[PDB]
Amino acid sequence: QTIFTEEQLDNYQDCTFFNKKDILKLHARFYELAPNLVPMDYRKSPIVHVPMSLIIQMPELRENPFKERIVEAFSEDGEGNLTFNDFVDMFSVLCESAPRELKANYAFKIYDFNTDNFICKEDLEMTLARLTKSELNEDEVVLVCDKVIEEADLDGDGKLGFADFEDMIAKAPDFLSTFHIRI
């Protein structure tokens, strides 16, 4: 194996929930998305981006109702054209070993559709509509979010801060189901 140096694999294993063997598997998957873009030899730390449009076609992501916003969350400019490091970071957050609070950190931002660092009724309607995959129509989503937003708003300001959100998802773990993706 001459794709990575031993120090690179040490760092990857220490900074993610993957073992070295997993890292080599992830490089193969990354490389297969775009062999003309991705070096087979990473020992000099090349900098390459694979477009979001290719990443969201992987079978592990393509059915996820938040696939674009998940991939964008690990990109510098929010466009989801990931480096290998970004790609590894994202599947480490998504893996079985990652703690709930790490998943929650990314989920809060991905569900904060109007980017004001709280979850309001309207953020929650857009989130639930995607989570329920056409099982619920527009007003059925309203019905649900009406009751959730009051129950979950512990502090009393009409919106959910990150603490409210973490307490919510501890009781209703299905809000994090889209952040459990094995690769």
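Residue indices: 1-based, along the sequence shown.
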On mean C-alpha B-factor from the PDB entry, just flag whether 78 to 86 or 92 to 100 is the higher one. 92 to 100
Quick check on the record: does 16 to 24 or 158 to 166 carry the larger mean Cα temperature factor? 158 to 166
When the entry's CA B-factors for 33, 131, 48, 70 are compared, the highest one belongs to 131
Going by what the PDB entry lists, where does residue 115 fall on CA B-factor within its chain: lowest, middle or highest third? highest
Residue 56: which third of its chain by C-alpha temperature factor? lowest
Third assignment of residue 38 from its chain's C-alpha B-factors: lowest
